[PDB]
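Take a look at this one chain, the form deposited in one PDB entry, written out in structure tokens.
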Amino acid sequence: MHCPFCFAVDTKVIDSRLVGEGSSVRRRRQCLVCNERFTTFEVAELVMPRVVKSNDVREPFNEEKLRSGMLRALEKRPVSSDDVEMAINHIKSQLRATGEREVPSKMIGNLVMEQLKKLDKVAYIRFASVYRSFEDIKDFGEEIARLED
């Protein structure tokens, strides 16, 4: 009984795309009874590791905390949201790849820096300025000299 509108058991499937670099399956189902079509998300029953914050406190992985940081650094940058979601899926993929119960907050940060360098070099400097907490304006020139390698 997959239909949520008329509550009919059989629901025919139309499409089956692979989103999130293979982490989940998006399907385009439609019920035979009513003329209503909807989307479904088949995801694997595994957990993203816990985050080991700067103050050694463990916290559940929140992809929105990760995303918001990136969007603040990308403020007026011409980087599409599909590229951002691709970078977020790749960082999650690499976090899963460790096979650890928990990952430090510093590891997530470095993986974002790794994506932002590819996405936008201005946005990368904006992120590093707060991520690495710049205490002098000279820290900006040092990150640029580091990036012109």
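Residue indices: 1-based, along the sequence shown. Heads up, when I say rigid core I mean the largest set of C-alphas that superpose within 1.5 Å between the two forms. Only residues modelled in both forms are compared.
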Going by the B-factors listed in the PDB entry, is the mean over the C-alpha atoms higher for 46 to 54 or for 63 to 71?
46 to 54
Higher-scoring stretch by recorded Cα B factor average, 77 to 85 or 28 to 36:
28 to 36
Can you tell me which of 17, 138, 126, 132 has the maximum CA B-factor listed in the PDB entry?
17
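If you look for the form deposited in another entry, you will not find it shown, but the lines that follow are about it.
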With a threshold of 2 Å on the C-alpha, tell me if residue 137 counts as moved between this form and the one not shown once the core is superposed.
no
Core-superposed C-alpha of residue 93 shifting 2 Å or more between this form and the one not shown
no
Distance direction in the other entry for the C-alpha atoms of residue 23 and residue 112, relative to the displayed form (3 angstroms or more):
farther
Residue 93 and residue 24: their C-alpha distance differs by 3 angstroms or more in the other entry. Do they come closer or move farther apart compared with the shown form?
farther
What runs of three or more residues stand out between this form and the one not shown, with each Cα shifted 2 Å or more once the rigid core is matched?
1 to 46
